[PDB]
């Protein structure tokens, strides 16, 4: 729990997430995707439960990446919600929402949903 969130994590697609978990609940770092109209690292900011469990529970957290950096602007943002589980093999299990900025007409189809599992391997 706590500390263990800090580090470099990779998801199945090969995207890399580098985060720092602050003692009070903050999450900061950068994200490099393997898919999308992405190119390079993007800033990410989030929050986690800095006082999780004491039943054998994971630590809830979530973070956002707006897909705009100095090289690309996909006009979209992704949010990941999930929980961290530490152990010999620690992982972050998430479900995400990716919303693109659309005109009203296309608003009905602006959000994609998926899931990603991140490991430090």
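Positions refer to the first chain, counted from 1. Rigid core: the largest C-alpha set superposing within 1.5 Å between the two forms.
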Should one compare 39-47 and 72-80 by root mean square Cα distance from the shown form in 5 other deposited structures of this protein, core superposed, the larger belongs to 39-47
Judged by RMS Cα deviation after a rigid core fit in 5 other deposited structures of this protein, the more variable of 28-36 and 60-68 is 28-36
Of 33-41 and 77-85, the stretch with the higher mean C-alpha B-factor in the deposited entry is 33-41
Between 10-18 and 108-116, the record assigns the higher mean Cα B factor to 10-18
Entry record, C-alpha B-factors for 95, 70, 50, 28; the maximum is at 70
For residue 56, the third of its chain by CA B-factor is the highest
